[PDB]
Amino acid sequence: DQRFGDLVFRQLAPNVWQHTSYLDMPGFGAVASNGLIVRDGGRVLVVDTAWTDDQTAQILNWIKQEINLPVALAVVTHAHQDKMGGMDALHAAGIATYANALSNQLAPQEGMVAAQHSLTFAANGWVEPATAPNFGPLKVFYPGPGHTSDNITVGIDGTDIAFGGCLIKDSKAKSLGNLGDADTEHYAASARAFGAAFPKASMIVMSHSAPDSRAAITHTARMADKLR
């Protein structure tokens, strides 16, 4: 782990790093959230902001120091603060931003700034490619409603990594966390659909646990079975 200001960065693969940021949530403690940073040749791609604009600017500072290539785009994985709280920092930096159309719709009411571009998805869950131009190795999949109605997931081609965002918890998690915005009927199926979309991914990265094996997916889905 590299501590960089109040954030933590961890290399996961030759071209992939996890960013971690923290927010004091009165009544919960200081909650970690993870996203990703991917180098694709001469550019960098970001998955999720940090909780705040200031923290997100720090991600960009770390990128400048440790990679020193332009950030071509960011994709954010639903309209909650841990994933979209730093949108303004990305925009101030001139970075093109992408989210599920539904996330952009929900952003204002959730207290978020919308991304500049909207992703749309085929019936089978795969992103419509024209809406995700120049995404390089990022393979974006809508697994169905679960943690939220708008949650999306991202595989990284050329690696063993798939990112479940807040949909997936690790194999030892005691619960699925706050289900206030969740689709309890469909959660289990959505978790399993994520697994089926990225069947060869052996490292599952997620927002609120450290990277784990595919047991994160099976355990998450099994816990979600109980919501029905």
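Residue indices: 1-based, along the sequence shown. We call the rigid core whatever largest set of C-alpha positions still superposes within 1.5 Å between the two forms.
Core-fitted comparison in 6 other deposited structures of this protein shows that, between 23 to 31 and 167 to 175, the CA atoms farther from the shown form belong to 23 to 31. Higher mean CA B-factor, judged across 96 to 104 and 154 to 162 from the recorded values: 154 to 162.
Just going by the entry, 86 to 94 versus 122 to 130 on mean CA temperature factor gives the higher value to 122 to 130. Looking at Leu167, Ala32, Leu36, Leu179, the one whose CA carries the top B-factor in the deposited record is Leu179. Compared with the other modelled residues of the chain, the Cα B-factor recorded for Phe194 ranks in the middle third. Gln58 sits in the middle third of its chain by CA B factor, as recorded in the PDB entry. When all modelled residues of the chain are sorted by CA temperature factor, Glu185 is found within the highest third. Among all modelled residues in this chain, the alpha-carbon of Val44 has a temperature factor (C-alpha) in the lowest third.
When the CA B factors of the chain's modelled residues are split into thirds, the value for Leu69 lands in the highest one.
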